[PDB]
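Notes for the one structure printed next.
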Amino acid sequence: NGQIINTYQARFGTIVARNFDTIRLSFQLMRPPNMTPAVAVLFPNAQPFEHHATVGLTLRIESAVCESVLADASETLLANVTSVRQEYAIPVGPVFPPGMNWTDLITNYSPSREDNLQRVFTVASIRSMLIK
Amino acid sequence: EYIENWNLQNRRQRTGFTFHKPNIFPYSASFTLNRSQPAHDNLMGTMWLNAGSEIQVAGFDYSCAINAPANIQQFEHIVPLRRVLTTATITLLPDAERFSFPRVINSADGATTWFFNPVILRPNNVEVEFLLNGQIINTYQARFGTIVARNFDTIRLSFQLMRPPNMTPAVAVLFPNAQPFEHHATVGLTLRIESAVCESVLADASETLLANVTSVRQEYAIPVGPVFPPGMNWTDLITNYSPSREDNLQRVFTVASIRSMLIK
Amino acid sequence: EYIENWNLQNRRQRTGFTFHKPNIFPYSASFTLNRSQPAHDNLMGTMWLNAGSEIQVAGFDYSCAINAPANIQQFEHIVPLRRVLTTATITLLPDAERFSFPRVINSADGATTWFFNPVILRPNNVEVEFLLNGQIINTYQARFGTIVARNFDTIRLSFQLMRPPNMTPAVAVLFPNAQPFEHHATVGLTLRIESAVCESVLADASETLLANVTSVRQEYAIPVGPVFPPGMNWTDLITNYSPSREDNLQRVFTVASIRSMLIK
Amino acid sequence: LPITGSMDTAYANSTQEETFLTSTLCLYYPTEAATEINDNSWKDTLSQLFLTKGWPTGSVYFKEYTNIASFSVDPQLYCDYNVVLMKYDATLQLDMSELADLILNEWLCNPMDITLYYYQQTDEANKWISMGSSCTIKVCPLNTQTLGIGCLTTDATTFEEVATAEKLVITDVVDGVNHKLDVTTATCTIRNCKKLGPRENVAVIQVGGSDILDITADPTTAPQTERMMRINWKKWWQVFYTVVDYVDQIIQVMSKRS
Amino acid sequence: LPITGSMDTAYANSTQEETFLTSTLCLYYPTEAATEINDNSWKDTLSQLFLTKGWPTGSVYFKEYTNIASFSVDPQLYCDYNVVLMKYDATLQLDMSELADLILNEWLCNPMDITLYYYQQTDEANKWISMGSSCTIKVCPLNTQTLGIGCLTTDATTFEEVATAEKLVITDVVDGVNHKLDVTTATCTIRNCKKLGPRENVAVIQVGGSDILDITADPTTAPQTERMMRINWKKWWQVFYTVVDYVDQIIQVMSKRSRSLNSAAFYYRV
Amino acid sequence: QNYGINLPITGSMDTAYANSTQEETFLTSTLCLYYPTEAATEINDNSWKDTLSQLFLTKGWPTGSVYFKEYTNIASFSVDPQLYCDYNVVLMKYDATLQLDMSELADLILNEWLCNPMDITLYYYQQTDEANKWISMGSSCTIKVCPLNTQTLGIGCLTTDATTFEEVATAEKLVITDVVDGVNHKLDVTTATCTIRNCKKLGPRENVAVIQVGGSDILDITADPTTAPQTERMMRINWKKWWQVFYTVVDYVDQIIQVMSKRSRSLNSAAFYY
Amino acid sequence: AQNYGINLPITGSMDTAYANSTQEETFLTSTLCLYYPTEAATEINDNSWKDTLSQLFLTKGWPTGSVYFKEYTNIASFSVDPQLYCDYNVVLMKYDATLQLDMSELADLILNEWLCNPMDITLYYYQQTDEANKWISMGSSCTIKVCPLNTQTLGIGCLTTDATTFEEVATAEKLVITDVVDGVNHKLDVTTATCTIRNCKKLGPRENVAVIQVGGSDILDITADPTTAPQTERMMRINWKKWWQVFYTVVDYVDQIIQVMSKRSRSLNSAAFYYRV
Ligand SMILES: CC(=O)N[C@@H]1[C@@H](O)[C@H](O)[C@@H](CO)O[C@H]1O
Ligand SMILES: CC(=O)N[C@@H]1[C@@H](O)[C@H](O)[C@@H](CO)O[C@H]1O
Ligand SMILES: CC(=O)N[C@@H]1[C@@H](O)[C@H](O)[C@@H](CO)O[C@H]1O
Ligand SMILES: [Ca+2]
Ligand SMILES: [Ca+2]
Ligand SMILES: [Ca+2]
Ligand SMILES: [Ca+2]
Ligand SMILES: [Ca+2]
Ligand SMILES: [Ca+2]
Ligand SMILES: [Ca+2]
Ligand SMILES: [Ca+2]
Ligand SMILES: [Zn+2]
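Protein chains in written order, with the deposited numbering: chain N, 266 to 397; chain C, 134 to 397; chain D, 134 to 397; chain d, 57 to 314; chain e, 57 to 326; chain c, 51 to 324; chain n, 50 to 326.
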C-alpha cells in the first residue's frame with residue numbers, strides 16, 4: 266500500500282519479504298573511475314559506442330504464501346483444469362480466458378474470476394485425490 | 134444495518150451498504166497534456182477533479198480543432214473505482230464549473246506555470262459508459278440529468294469538442310487560424326453520485342462513523358499502527374484499499390455504529 | 134414509510150413522503166432572448182438550469198440598462214412544478230455560478246453561435262414568490278440564506294439589474310454608451326430545495342428505490358411498455374407525470390422498498 | 057417578442073456556401089488605385105477569382121470613388137456585403153473617422169430648416185450630419201432666454217464656426233443648450249441624425265497607416281471592432297489578392313443587411 | 057486600517073452632482089487654440105456652457121501654455137480635476153510621452169548633487185527627472201574601483217550623452233551601477249524620483265495623431281490607461297465642445313487624488 | 051515518436067513551485083541583437099561595445115555571451131535571414147515609407163517557415179491554404195503573377211508574353227506573395243537576382259523579440275485583414291538619442307528574456323530549408 | 050501530435066510483429082543528392098549523363114525528379130560552405146595524397162551535427178568549455194593565430210598587443226577546425242575580412258549523409274582525439290580506374306548506401322524543439 270515493509274541495500278543471495286504487493290528495484294550504473302587500457306578503449310567520450318554499458322538484476326521468488334489461489338511449479342491443478350476443459354471441447358464462457366490463458370487470467374485477476382478459480386482448483390484437488 | 138451486514142458476511146452472503154454521496158473517489162486534482170510545448174501557447178488535453186462523489190472533467194483545445202480532422206477533437210477520461218458500486222443514482226450535468234474560469238497552473242515537473250483562459254463550448258457527443266470487468270453494463274449517449282448505473286467499477290466519459298461551423302462576428306474574433314489564442318476552447322462534464330449501494334464499507338455525507346473513529350484515535354494520542362494511514366487519511370485509505378484494511382475498516386465502523394447507538 | 138402511505142392512500146387520506154433534495158425539476162437547460170438580433174452583440178434575457186432540486190437562473194443585459202427607464206431592467210423566471218411540494222427548506226443564494234463565465238452558445242434555431250462574456254452585478258430587488266393555484270403563499274423580498282416555503286407548486290423569481298450610478302474608473306471602461314460591449318452585465322440567483330414533503334412519489338438523493346427499479350428493468354432486458362418511458366428516463370417521467378404513471382410509480386417504488394428491506 | 061431555445065440542440069451545418077450562392081458583395085476602391093491597376097479587363101479577372109471561391113458570376117460588383125472627400129458626399133452602399141478600401145492619407149486625420157462614423161453606423165435621421173427653427177441635442181446620440189460640396193457650419197449658443205452666448209444673433213460674423221469647406225461634417229455641440237446655426241445652404245444640407253447602432257453590412261479596410269479611427273463621439277472610448285481592418289500595402293495587387301483570398305474571413309466578421 | 061464592507065449594501069445615489077458642485081476643473085490648451093478661436097470673451101462663453109452641465113459659475117479654470125516643451129519645464133497642475141489638451145507632433149514623438157509620464161504618475165523626488173556626489177538607481181521605479189530651459193545630460197558608468205568604463209572620469213568629451221537641448225528629460229539607466237553625471241547646473245535642475253503610483257486627476261487628450269504614448273519605460277508593456285484619450289481635430293471649437301458636453305465621462309475616468317505630499321504648492325480648490 | 055510525442059504527460063496541479071531558474075537561464079546562453087548602422091553612427095564611440103557588455107555583465111549575463119551585429123537598413127537586413135545566437139532581440143527604426151517592409155521582416159523572423167524552392171520557368175504553382183506563401187529573397191526581383199483558367203488559359207493575361215502579367219512586387223528585397231488559393235499561376239520572376247520559394251507558416255519562432263524604435267504599431271504579421279495580433283515579442287519604444295535605447299534594453303533585459311524562450315532555436319538560419 | 054519538448058519514456062513490447070519493408074515507400078517519397086567533383090564530368094564526356102543515370106535510378110526505384118546532381122570544383126572549394134540540402138546525401142571525393150587534414154575536417158563537418166554560436170574577436174577572449182567545443186572557421190582565406198592567456202589576462206608566450214608574437218594554427222586554409230586546450234582564455238587573430246569563425250558544439254552525427262572516398266587509403270579521423278579514430282558505417286571507400294565504374298557502383302548499391310544512413314534526426318517533426326534545422 267505504498268509503505269516500505271522490507272528494504273535491502275546491496276545485499277544479494279537469499280532475502281525474505283514478509284508482506285508485500287509491489288517490488289521496487291532501484292539499481293544504478295556508475296562509470297568506473299579507474300580503467301585499464303583494455304577497458305578505456307570500450308567507452309570513448311565521442312559518439313560511436315560499439316560496447317554498451319548494461320547492469321542487471323535477477324529476482325526469483327522460490328516460495329511464498331498467498332491468500333488467493335495461484336499456479337506454481339509444484340501442483341498440477343491448473344493442468345488438470347485445462348486438461349478437462351480441452352479434452353471435451355468446451356466453449357469459452359463469460360469468466361475464464363479463451364483456452365485458459367494463465368497470462369490473461371493473472372493479468373486481469375478479478376475477484377469473480379478469483380472465486381471461480383478457487384472453486385475449480387478445489388474440485389481439481391478432490392479429483393486429483395481420487396483420479397491419479 | 135451494520136450488524137446485519139456483519140452477520141451476513143460472517144456466513145459469506147451478499148451485503149449492501151446504502152450510502153448518500155459516498156466517498157469512493159480519492160482526492161485527485163491533476164491534468165493531462167495530449168499536445169504541449171515549452172511555450173505553452175497551443176495546448177490540448179484534459180483536466181479533472183475527483184473529490185468525494187464528484188468528477189468534474191474538462192477537455193480543452195487552444196486551437197478549437199482548427200487542424201483536427203472534421204474539426205472534431207475527441208477527449209476521454211477513465212476513472213477506475215476501488216470497490217464495485219451497485220444501483221447508483223448519478224446526476225450527470227454538462228459544463229464543469231470549476232474548470233471554466235482563467236487560472237495559472239504549474240507544469241508537470243513543477244518548473245514553470247502556464248495560463249488557461251477558457252471559453253466554454255457545449256459537450257458534443259457525450260458517451261458515459263459504466264464498465265464492470267471491461268464489459269459495458271450501462272451506456273448513455275447525450276443524455277443529461279439523473280442517470281442510473283446498476284453495476285459498475287469503472288466510469289468512462291467520452292466527450293468531444295466540435296468547432297462551430299457557423300459563428301457570428303462576436304465569436305469569429307475569438308478563434309483565429311493563426312497562433313495567438315487569447316481564448317481557449319474548453320468543454321466540461323460533471324458527474325455526481327448521489328446515492329449508491331456498495332458491498333464494502335465506505336464513508337459518505339450521511340453517517341458520522343469515520344468521524345467517530347478519527348475522534349477516538351485523535352483524542353487519546355494513538356500511535357500509527359501497521360494498517361491504517363497516519364492520521365486516518367481517507368484519501369490514502371481509499372487510494373490503497375486493501376482487503377485487510379477493508380476488514381479492519383468494517384470492524385471498526387461496526388464498533389463505531391454500536392457506540393453511536395449508546396453514546397450520542 | 135411507503136407501506137404507511139400505501140395504507141393511508143388506500144383509504145384516501147393525506148400522505149407525505151419526506152425527500153432530501155427531491156428530483157422535482159426535469160433537466161431543462163435553455164435560455165430566452167427578450168432583445169436579440171442576428172448580429173448578437175446587444176442581447177437581453179434570461180438563462181436557466183433546472184436540474185434535480187436546483188434552479189440556477191441568470192438574466193443578462195449587454196447594455197447594462199443604459200437605455201432602460203431609470204437604468205433598471207426587470208427580469209422574471211417562473212418555474213411550474215408537477216406536484217405540490219409542502220414544507221420545503223430552500224437555500225436561496227445570489228450569483229448563479231454556472232452562468233458567470235464566458236461561453237459560446239448556439240442560437241434558438243441552432244444555426245449560429247453567440248458569445249457571452251459576463252461580469253456579475255449583485256441582484257437588486259429579489260422577490261421570490263411561492264405560488265399555489267396562482268395565489269401568493271410565501272414571498273421573500275431581498276432575503277437570502279435558508280428560506281421556507283410551506284405550500285407551493287410554482288416558484289416565481291423576480292430579480293432586476295440596476296446600472297450602478299457611481300463607478301470607479303476601473304468599472305466605467307466596461308460599460309460605454311456606444312455599441313461595442315466586450316463585458317456583459319449578468320445577474321444570477323440559485324435556489325436549492327434541500328428537503329421537502331411531497332404527497333406523490335418522487336426520486337431524491339437519499340433513497341435508492343429508483344435505482345433498484347431501473348436495475349431490475351435493465352438487468353433482465355425488459356421491453357418498453359405502455360406507461361414508463363424507454364430506459365426509465367426520469368426526465369421524461371417527470372416531464373409528463375400523469376396520474377396513471379404516478380400510480381404505477383408508487384406501486385413499483387413500494388415493492389422496491391419491500392425488496393430493499395429483504396435484499397440489501 | 058422573446059426568442060427561446062435549448063442549450064443542447066444540434067449545431068446546424070455550415071451555411072457559408074449558401075451565403076456565397078445568395079449574397080451580393082461589392083468593394084469600393086479609389087481612383088488612384090485604378091491608375092496603378094493598368095488593365096481594361098481586371099474586373100472580369102478578379103470576378104473569376106471570386107468565382108473560384110464560391111461566389112457566382114453575377115454576385116460581385118466593382119464601384120469606384122475619387123477620394124475620401126468625394127466618397128464622403130452620399131455613399132450609397134447598396135450591396136449585401138460591403139468593404140471599402142479606405143486609403144490612408146496622414147494629412148486627413150479626421151476625414152477617415154468621419155467616413156467610418158457615417159458608413160459603419162445606423163443613423164435614423166430627420167431634416168433641419170435653419171431659418172425657421174432653433175436646434176439642440178436631445179441626448180448624446182444625435183449629431184448634426186451635413187453633406188454637400190462645401191459645408192461651413194457656424195453655431196452660436198443661446199441661453200434659456202434666447203440671448204446670444206458670446207455672439208450677436210443678427211451678426212453672422214460673431215458666430216463660432218466649427219467646420220469650413222468640408223464635404224462630410226458630423227457636428228457635435230453641447231447637449232442641453234439651445235443653438236442657432238448658419239449654413240451656406242446652397243451647397244450643403246444639414247440634418248440631425250441619431251445613431252441607433254452599427255451597420256453590419258459594411259466593413260472598412262484601412263490601406264496602410266495606423267489604427268486612427270475614433271468612430272465614437274466621446275474621447276473616452278476608442279474601440280476597435282471586427283470590421284475595422286488594416287493592411288500595409290506596398291502594391292495594390294497584393295491586397296486585391298488578399299481580399300479575394302480572405303473573403304471567407306471578411307464575410308465572417310460581417311452580417312446580412314436584413 | 058482594513059475596511060470590512062458588506063456585499064448586499066444598497067447602491068447610494070448618483071453623487072456626480074455633489075462632485076460637480078463641490079469641486080473644480082482645469083482645462084489646458086496650447087496657444088495655437090487661442091489664436092484659432094479668435095474671441096475676446098470666449099472663456100465666458102465656454103464657462104456658461106459648462107454651467108449647463110452642473111459646474112458652478114466660476115469653478116472652471118483656464119490656463120495656457122505655448123507648446124509641449126514650454127509646459128514641461130514646470131507642469132503645475134492647479135485644481136482638483138485637470139484635463140490637458142496636447143496637439144500631436146510627429147517630431148515631438150518622445151517629449152509628449154515625457155510630459156504624459158510626468159503628469160500621469162506620482163513621483164517621490166529629492167534634489168541631487170553632481171559635483172560633490174554621484175548617484176545610482178535602485179530599481180525600475182526610480183528615474184532621473186530633469187527640468188529647465190536646456191538639459192544636456194552626459195552620464196558615464198563606474199564600478200567598484202570607481203573607474204569609468206568606456207569613458208574617462210575627467211574628460212567630458214568621452215562621456216555618453218543621453219539628452220541634449222531638451223526641456224524635460226526622464227533618464228533611465230541601469231540599476232546597481234554607479235554613474236557620474238554632467239548636467240548644466242546653472243540652467244537644468246535634476247532630481248531622482250521613485251514612481252509610487254498613478255497621478256489621478258489628469259486626462260491627457262491627444263488632439264490628433266495616433267496612440268504612441270509608452271509611459272512605462274519597460275518595453276514589455278505599453279499601458280494604454282484609462283485617462284489617455286485621443287481626439288482628432290479640424291477646428292478647435294469641435295474639441296472644446298466635445299470636452300464640454302462629455303464632461304461627466306471625463307470626470308468619471310478620474311478619481312480623487314490620494315497622496316499627502318510636503319511641497320505645498322498652489323491649488324485652485326473650492 | 052522517438053521523443054515521446056504520441057504519449058501524454060500527466061501533471062499534478064499541486065507541485066510545490068520548486069525553484070527559480072532565471073540565473074541558470076542567464077548563464078550558458080547567448081543574447082545578440084541587430085542595430086542599424088545609423089545607431090552606431092550617432093553613438094560615434096569606437097568601444098561602446100565594451101561599455102554595453104560590462105553593463106550586460108551587471109544584469110546576470112557572463113561577459114562572452116553578448117554579440118553586436120550591424121545592418122544597413124531593413125531592406126539590406128532582409129537580403130538574407132540570419133538569426134545567430136540563442137536569444138535574439140531585433141531593433142528596427144520606424145519609417146513611414148518603409149511600411150510593408152517592416153511587417154515582412156517581422157513576418158519572416160517571428161514565424162517559422164518550412165520552405166520548398168520553386169521552378170518558375172518550368173512548372174505551375176498554387177497555394178494550398180492560408181499557411182502557404184511565396185517567400186522570395188534577393189537583390190531585386192519583380193514578381194509578375196498571372197492566374198490561370200481550369201483549362202490552362204490566362205485569366206486576363208496571356209501566358210506567352212510577360213507584359214500582360216500582373217506584378218505584385220517591384221524591385222524589393224524580401225516578398226511574401228499571397229495569391230488566391232484555388233487557381234494555378236504562371237510566374238515571371240527575374241531569377242538572375244532573386245530566389246522564390248513556397249513556404250508554410252508554422253508555430254512561430256518563439257525567441258526573436260522585435261523592438262520597434264519609434265513610430266506606432268504597424269506590424270500586421272498575418273495575412274488576412276481580420277487579425278493584427280500584437281503578440282508578446284513585438285515591443286515598441288520611442289527615441290531621441292540611441293544611448294537611451296541601449297540603456298533601456300540593458301536595464302529591461304530581465305523583462306525581455308522572460309517574454310521569449312530559447313527552446314525554439316533552430317540550427318543555422320531562419321528559412322527551415324527542407 | 051504533441052509534447053514536443055518533454056523527452057517522455059516510451060514503452061515498447063518485445064513481442065511486436067516486424068513491420069513491412071518500407072524501402073519502396075522511402076524510395077517513392079524522399080529525395081537523393083549526389084555530389085561529384087568536376088573532374089568526373091570532365092572524364093565522363095557527356096551532357097546527358099544525368100538523364101542516363103536518372104533512368105538507372107528509375108530502375109533502382111527512385112522517380113525521375115527525386116535524384117538531384119550538384120558538383121564542386123575541388124575539395125577545398127566544396128569546403129568553403131558545405132550546405133547539404135535534400136533528404137539523403139552522399140558525396141564522392143578523390144583522395145589527393147598531399148591533403149589529408151582537409152578531407153578529415155570536411156567529413157568532420159559533414160558527418161556531424163554542429164550547433165554553432167557567433168564570435169567577436171575584437172571584444173572577447175575565448176576559452177573552450179569541453180571537448181565538443183571546436184572553433185570552426187570558413188571563408189576564402191582563413192589564417193588563425195591563437196594567444197593563450199594566464200589567469201590574469203597576460204599571454205603565455207604571446208604579447209597581447211603584438212600579433213607577430215602570436216602563433217598560427219592554420220594559414221590560407223578554406224575551412225579550419227581548431228581544437229585548443231580547454232579552460233584557457235585565448236586571443237584570436239583571424240583575418241575577419243575573408244573568414245568567419247564560429248563557436249561550435251558537436252551534438253552528434255549527421256544522419257543523412259555518407260562519404261565515399263574514391264581511391265586512396267583509410268585516412269579519416271573524424272574525432273579530433275588522437276586515441277580514437279572511429280570507422281563508422283558511412284565512411285565508404287572504393288578504388289577507381291574510370292569514373293563510370295564509380296557511378297555504376299553507386300547506382301547499383303543504392304539499397305546499401307541508403308541503408309547505412311537514415312533520415313536526418315533533426316529534420317523530423319518529432320525533433321521540433323531540439324534544434325530542428
Ligand atoms: C448535416 C446536415 O446539415 N445535412 C447534411 C447531411 O445530410 C450530410 O450527411 C452531411 C455530410 O457530412 O452534410 C450535411 O450538409
Ligand atoms: C424621491 C426620493 O425618495 N429620493 C431618494 C433620495 O432621498 C435618496 O438619497 C436617493 C439616493 O440616490 O434616492 C432617491 O430616490
Ligand atoms: C500491407 C502490408 O504491409 N502487409 C503485408 C501483409 O499483408 C502480407 O501478409 C505480408 C507478407 O509477407 O507482407 C506485408 O507487407
Ligand atoms: Ca463668438
Ligand atoms: Ca452633443
Ligand atoms: Ca564614451
Ligand atoms: Ca533603470
Ligand atoms: Ca493583366
Ligand atoms: Ca492565399
Ligand atoms: Ca610565440
Ligand atoms: Ca578542447
Ligand atoms: Zn445530501
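Beta carbons are placed, not taken as given, at the ideal position from N, Cα and C, and that holds for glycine.
| Query | Result |
| --- | --- |
| Touch test, the stretch 134 to 153 of chain D against the stretch 374 to 391 of chain C, Cβ-Cβ under 8 Å, three pairs minimum | no |
| Supposed contact pair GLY178/C and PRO275/c - C-beta distance, whole angstroms, cut 8 Å | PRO275/c to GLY178/C, Cβ: 33 Å. No contact. |
| CA-to-CA distance, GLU217/e to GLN177/d, given in whole angstroms | 55 Å |
| Chain-ordered residues of the stretch 300 to 330 of chain C with a beta carbon less than 8 Å from chain D | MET300, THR301, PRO302, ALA303, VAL304, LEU307, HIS316, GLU327, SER328, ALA329, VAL330 |
| Chain D contact residues for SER311/d, given Cβ-Cβ distances below 7 Å | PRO171, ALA172 |
| Per DSSP, cross-strand counterpart(s) of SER163/C | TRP181/C |
| Proximal residues to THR287/C (C-beta, below 6 Å), its chain only, five neighbours per side dropped | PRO213, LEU264 |
| Any non-hydrogen atom of ligand 12 closer than 6 Å to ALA338/D Cβ | yes |
| Simplified DSSP assignment, three categories, for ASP228/D | coil |
| 8 Å contact criterion, which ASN96/n and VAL258/n should meet: CB distance rounded | In fact, because the Cβ distance is near 27 Å, the residues do not count as touching under 8 Å. |
| From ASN257/D, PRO235/D, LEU141/D, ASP174/D, residue whose alpha carbon lies closest to that of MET310/d | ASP174/D |
| Check: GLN177/d C-beta below 6 Å from any heavy atom of ligand 5 | yes |
| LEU317/n to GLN132/n span [Cα, whole Å] | 18 Å |
| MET63/e classed as buried or exposed, judged by whether at least 16 other C-beta atoms fall within 10 angstroms | exposed |
| Nearest-angstrom Cα separation, counted from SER115/c out to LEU208/n | 25 Å |
| Contact the stretch 275 to 289 of chain C vs the stretch 203 to 217 of chain C: 3+ CB pairs below 8 Å | yes |
| Supposed contact pair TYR121/e and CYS82/e - C-beta distance, whole angstroms, cut 8 Å | Not confirmed; about 12 Å, so no contact. |
| Whole-angstrom C-beta distance between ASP270/e and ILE287/c, which should lie under 8 Å | 6 Å |
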